[PDB]
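Encoded as structure tokens, the following chain is the form deposited in one PDB entry, with no partner shown.
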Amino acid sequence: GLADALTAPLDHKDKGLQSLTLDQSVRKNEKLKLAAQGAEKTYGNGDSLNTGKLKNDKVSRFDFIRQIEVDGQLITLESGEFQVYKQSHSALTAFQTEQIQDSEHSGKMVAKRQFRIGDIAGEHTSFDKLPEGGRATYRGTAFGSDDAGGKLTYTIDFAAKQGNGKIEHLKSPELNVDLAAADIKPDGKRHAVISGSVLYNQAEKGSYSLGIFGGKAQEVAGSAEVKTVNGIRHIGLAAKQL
């Protein structure tokens, strides 16, 4: 399954989402290498990840190494785990770092564990053609560092063009937060987005942002930045209707 994404060509009977363009996940001159089982594949900026071979509504794990060439030397920028959550009309990636380049000593590596979200893409629902009314309930997954078992629940009131949800069952209690009510605003590319506050007993503990995906607003996908006592923690978000 994971090895097929790195080696097998595109089949159209493969279930969507079939393609996920790696924009923010691989930067212009960098070179991201993904490994799973005995397979491995190299990606550049703008290349497509064969998400069709991956399982829907699950987190897929790849070992990764990020590299760029400076002068005439391949410095290893970053090493760790590359995560992908796949849905029918959306998908998002994340990087669990284990070592990063020593900025002040060329060729050296320093241990440092970060978790960040990479690329949130799919068939963006245009803001102008959203459901003109009604109420849809999205249910899915919230995943952070070393935890892919938190539950996303979100509801969108398309009449009021509002939205609210919460996160539950993450192992870290600071992270199971409420996603406060917020507006559905248009993006610069007219994508339908929702930017709101993270709450935790009705007080500011961060912020979140979701995009609506699918021609019928079937799915939402985004990320939550949650202020904690030990710094910011990034959580991936993805949910779908029934």
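Rigid core (definition): largest C-alpha set, two forms, superposition within 1.5 Å. Heads up: residue numbers just count along the shown sequence, starting at 1.
Here the subject shifts to the form deposited in another entry, a form of this protein not shown in this document.
Student: On a core-based superposition, does residue 128 travel 2 Å or more at its Cα between the shown form and the other one?
Tutor: After core superposition, the C-alpha of residue 128 moves less than 2 Å between the shown form and the other one.
Student: Please check if residue 75 moves between the shown form and the other one, taking a CA shift of 2 Å or more relative to the superposed core as movement.
Tutor: Shift of 2 Å or more: yes.
Student: Is the shift of residue 11 between the shown form and the other one large enough to count as movement, that is, does its C-alpha move by 2 Å or more after the core is superposed?
Tutor: Residue 11 C-alpha, core-superposed: shift of 2 Å or more.
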